[PDB]
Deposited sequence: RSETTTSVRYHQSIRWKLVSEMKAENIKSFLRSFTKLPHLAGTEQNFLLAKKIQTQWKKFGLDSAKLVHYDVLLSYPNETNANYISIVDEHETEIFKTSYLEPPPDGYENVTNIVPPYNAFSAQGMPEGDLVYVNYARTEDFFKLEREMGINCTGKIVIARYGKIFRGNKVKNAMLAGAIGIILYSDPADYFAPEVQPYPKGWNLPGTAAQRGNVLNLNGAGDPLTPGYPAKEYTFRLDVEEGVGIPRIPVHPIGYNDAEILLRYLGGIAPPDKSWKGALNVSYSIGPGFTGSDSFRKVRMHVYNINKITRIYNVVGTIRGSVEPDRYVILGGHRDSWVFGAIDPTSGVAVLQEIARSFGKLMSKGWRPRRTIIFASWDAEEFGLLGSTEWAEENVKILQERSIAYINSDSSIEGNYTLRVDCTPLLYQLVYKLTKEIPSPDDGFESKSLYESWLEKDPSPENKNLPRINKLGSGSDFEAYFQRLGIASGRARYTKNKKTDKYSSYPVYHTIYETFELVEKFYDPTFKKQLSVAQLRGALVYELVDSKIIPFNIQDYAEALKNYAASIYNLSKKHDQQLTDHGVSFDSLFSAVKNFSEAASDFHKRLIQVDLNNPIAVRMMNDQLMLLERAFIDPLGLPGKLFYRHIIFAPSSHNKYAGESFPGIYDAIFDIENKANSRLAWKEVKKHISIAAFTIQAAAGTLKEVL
């Protein structure tokens, strides 16, 4: 088949050669090297035979350290004397423009005060501090370990708790795998290395200065003081050698339980303040600058021969913090090999039914900026014509098994395709990727199916799925959750994401990366070439039944309050029942369509394409204009995680502590009502008459 030709043409050695060629130098967004990398990708796409390959630019707010006013954290004594001040990989000694560690979009400032340790700065950590531990973070500098949640959530939470600065650090508990040596001898994080990353709270907005509209040359810009999501306190990241020094002499209360203690040889006492030391106060000194900077997406096409006005997007970012050999450049290499394989099909006369859009996004590391600005520019055509969005970010975050996150529409296609892709895993040499994935990560809701996760955020599908309602999916290799307890991977967002790390420690044969390229490309192929779009709406019906049971179950502890305030889930369960009936009826009619009647086929394909769109509410979610999907949103507590029925979940979260119970329960009733309507409206789009 053509699909088999596409998959079998892809080669591990080509992905290896692309990855080596793209990881010799840093390629930070907005810098010359990342523009050169865009031009290299564009030249390659033209060689591969794509119909178009254009640079599309925007001028967006980015953030960089000031080369002549370096950031640092210090400890001073009571005489204001500085007692302590916080401070390339082998083969890269001559690389001169590695950006020093910082947290992009930090406020500027030089706050000084007592230090308080806040664990992971999660919502439950700050609840514990205020409600159980007697700690008031107002006016304090807080120190938080990285991990568990998106770092911009930590900064939001610290600001809500009243902190005047937050120091982020990498605890070995979270970034040092047991019995692995630090880079370069192994793949662990050395104590000298800090994790970069932005600390915005954009909630889907894109460029901070231009929410809603693409950041073109003429575009209106908010004043920078009003840029969306920009934090109002300084934030800076340090490695664990420096953090150990800051934590060692903290006094005050002991850590409240083992879940607050990391792995350093310190007490993990909370503060505020020091004991047993010259150590008196902590200062931060953070002077990153925010500047409007040009970014460049590469956007290419293969136009459809039958339905050129229908799109499948394969998009992945290419900007990195340093070399980014895993994040994103492993995905950049996969995307080039997928485009090369589609080019080889074209060289033998093939053309897809629908149009493929290839996209290499810029400034993802600064808040999904290039992908979101392109969505904002092209929203009218994208929302009326897009079948699906397949991401192409990091392909290799671990070497254990596959991880897939996608809308329920795509479950059956994912399972189908993984059965036809050879497994790359040791011991599975005559078996499919589906077989090894099922053995290694079975779904909690059905032991005979591999686990597929909900979509959250933190990569470039966000605007497509959560704002525009375009069915989306992502797939990559990952670690074993049962045995590997570190967050992300040890060297994430550090200088040590090198080609050598990937080849020596993650995937020497490049077979695991190859299997990811084959699955991402095969997904695009099936979506773009199949006469009937390969979605299954009965899987969505089943997913809604699960989510409705889950939110109802979370309500049970409030049963008396539901009764007293006249709150019922009946309308939500009724809408889900109606949706299930409509989805069953729709599939019964779909198998009857006359495949030789192009309008009959197009009408049913439009119902398949527009079903995800029905869940999009233009009014958005409370306080979040750009999260419009009523079934899924990024968790308010952790942008990386997806939350189901987010309007209901957020209304009932911590409800027992709301000042006004009558008002709080009416908010729960509002979001139940909106979810019921939205599901019923979605069901209505499937109806025959």
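Numbering the deposited sequence from 1, one finds several regions with no C-alpha coordinates, namely 1-12, 100-103, 294, 707.
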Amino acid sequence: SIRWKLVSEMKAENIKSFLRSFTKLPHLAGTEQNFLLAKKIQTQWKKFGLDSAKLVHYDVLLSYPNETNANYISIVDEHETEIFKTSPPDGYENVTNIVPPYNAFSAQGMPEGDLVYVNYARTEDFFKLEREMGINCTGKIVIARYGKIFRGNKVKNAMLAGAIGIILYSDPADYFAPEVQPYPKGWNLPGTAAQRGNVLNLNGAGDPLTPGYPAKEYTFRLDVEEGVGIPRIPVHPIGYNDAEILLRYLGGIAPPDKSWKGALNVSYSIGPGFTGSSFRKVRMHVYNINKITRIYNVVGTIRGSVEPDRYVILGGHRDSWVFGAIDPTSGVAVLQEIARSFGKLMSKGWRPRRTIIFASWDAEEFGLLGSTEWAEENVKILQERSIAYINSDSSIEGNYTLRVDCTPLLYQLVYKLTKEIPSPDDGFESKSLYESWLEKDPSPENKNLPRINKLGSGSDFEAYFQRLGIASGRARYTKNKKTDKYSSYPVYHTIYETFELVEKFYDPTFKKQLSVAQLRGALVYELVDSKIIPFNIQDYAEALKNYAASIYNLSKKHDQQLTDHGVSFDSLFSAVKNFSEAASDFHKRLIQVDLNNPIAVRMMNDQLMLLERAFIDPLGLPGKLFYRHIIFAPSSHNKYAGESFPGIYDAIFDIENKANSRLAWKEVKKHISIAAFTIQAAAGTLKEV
From here on, numbers count along this sequence of modelled residues.
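Across the other PDB entries of this protein whose models span the neighbouring residues, residue 488 is modelled without exception, so it is unmodelled in far fewer than a third. In this crystal structure, the stretch out of 560-568 and 306-314 whose C-alpha atoms carry the higher mean B factor is 560-568. In this crystal structure, the stretch out of 206-214 and 89-97 whose C-alpha atoms carry the higher mean B factor is 89-97. For the set 485, 340, 493, 283, the maximum C-alpha B-factor listed in the entry falls on 485. In this structure the maximum Cα B-factor among 479, 602, 128, 151 is found at 479. When the modelled residues of the chain are ordered by their C-alpha B factor, residue 686 lands in the lowest third. Per the PDB record, residue ranking by Cα B-factor puts residue 32 in the middle third of the chain.
In the PDB entry, residue 239 places in the lowest third of its chain by CA B-factor. Per the deposited record, the Cα B-factor of residue 58 falls in the lowest third when ranked against the other modelled residues of its chain. Residue 66: CA B factor in the highest third of modelled residues in this chain (values from the PDB entry).
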